[PDB]
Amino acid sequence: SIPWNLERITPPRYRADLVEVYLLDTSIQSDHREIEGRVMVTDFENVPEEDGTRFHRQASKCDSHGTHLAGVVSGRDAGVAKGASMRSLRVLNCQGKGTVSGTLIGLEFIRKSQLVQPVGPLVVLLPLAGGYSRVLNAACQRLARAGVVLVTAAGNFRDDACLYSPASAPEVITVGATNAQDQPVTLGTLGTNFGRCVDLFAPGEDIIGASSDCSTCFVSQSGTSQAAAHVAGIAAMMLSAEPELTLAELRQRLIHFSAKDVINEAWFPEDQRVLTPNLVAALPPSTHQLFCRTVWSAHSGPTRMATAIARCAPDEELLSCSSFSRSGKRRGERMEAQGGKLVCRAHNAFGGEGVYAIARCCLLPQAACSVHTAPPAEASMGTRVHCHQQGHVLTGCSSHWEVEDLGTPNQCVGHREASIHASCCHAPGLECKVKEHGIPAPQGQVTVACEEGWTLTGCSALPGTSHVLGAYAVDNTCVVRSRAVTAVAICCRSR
């Protein structure tokens, strides 16, 4: 007798035991019984005028979209974070249209009001999308660096979310929509966006919530707006119980406690299936492990000295770096410093497609990490490198070379003609071990997983095989992709 979507984000072993949520959307019906007295209408309003040739103010329900979303986040009976406190800003007109420039002015208003109210956690819900905007993504990043949790809709266009903003801003939590069968929502002939800029999915079809028709009325709605509102509710409950969760910690926990592999990825275009996280959001038991996430770069492009680069959040360490090419014409990957922070750069061959760089990004408190490299050796034992300093643990191995004529504890081994790069980290109680799995007849992929209690930090293929497309981590499983091949996982934990 409770809405399917509220049940869906509530995990099996759920135990129900200061945060401001800002909503940038249409006007809202603040009198509605779901939100009465818990949502305050700020005086912020910056919207373009309606298209008057189609606008009949007498008939229009200007409050319908925002009221429903406020109810999904914090409604008394049907909300995710019931009774949570909210502040609404109007950046969409009655016809659901706004501007990048008005949205920026709304984000600046949030920044101003953050410096005035007592310091505390704030969530900003952005249930809107336009085309990729450099300025809008930059404003979102600057707010994220001030400790704001930004949550946004992936977009409703059955398209790559990286073409939309603020969906494409990396530090914003980008939410796609799934239905009661945990499949991607279709909306008309389109539906939820997908791709490497989506962080997770959440219920976004047939979502019951406050209707501005009347103060006690309810209505079902569908879209990635509704899904983002679910994750903003989840964030608000997490931050209500742990007010000094950082955004980075919050994002890793959202990823970690989501339902895995419940989506049939055949819905997505083939070349987006590896880029799109198979995650449906759920409330983490939380209230408090080594958390890691995979970060795919953009495709490098068919220039054949072109590079792809994958980066971690500021609070995270880059523990390993791999690469992938759909036809295997790559020159490997390299961990390198850029402004005193360590990035993952993959290199293209010299004919054809392009490459992805794939970073493994982890929350490792009080860590001091570094990369150590060895030039190509030209020796039968190959190129070797290892973490010489005491208490420095090997978390990942990278390898890049120069031209494609390759064919004949705590250490990295690579081809004779390749440079080899070791990620080494010092952290209290960090311990790591290697697991391997080899298959003589590789049917496209060989995998190996870390046991429960361990976290996959590094994923790699054993060198000396011309039939390797690349390697990447999927949660705690190392995945090597072939056209005898061995997958090599590095698994770590903390005390």
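A residue's number is simply how far along the shown sequence it sits, counting from 1.
Note how many residues of the deposited chain are left out of the model between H288 and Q289; the options are none, 1 to 3, 4 to 9, and 10 or more.
Some 4 to 9 residues are missing between them.
Residues of the deposited sequence left unbuilt between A484 and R483:
Count of unmodelled residues in between: 10 or more.
Mind pulling up the entry and telling me whether 102-110 or 421-429 has the higher mean Cα temperature factor?
Taking the mean B-factor of the alpha carbons in each, 421-429 is higher.
With reference to the PDB entry, specify whether the mean Cα temperature factor is higher for 211-219 or for 117-125.
Higher mean C-alpha B-factor: 117-125.
Tell me which of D261, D405, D271, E317 tops the list for C-alpha B factor in the record.
Highest CA B-factor of the listed options: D405.
Per the PDB entry, maximal CA B factor within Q95, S300, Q183, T294
Reading the PDB entry, the winner on C-alpha B-factor is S300.
Quick check for you: using the entry's CA B-factors within this chain, is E50 in the lowest, middle or highest third?
For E50, whose C-alpha B-factor we compare with every modelled residue in the chain, the answer is the lowest third.
Position of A84 among the chain's modelled residues by C-alpha B-factor, lowest, middle or highest third:
Answer is middle: the recorded C-alpha B-factor places it there.
So where's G458 on the chain's Cα temperature factor ranking, which third?
Middle third, going by the recorded CA B-factors of the chain.
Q445 CA temperature factor, ranked by third within the chain
According to the entry, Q445 has a C-alpha B-factor in the chain's highest third.
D17 by Cα B-factor - lowest, middle or highest third of the modelled chain
Top third by C-alpha B-factor.
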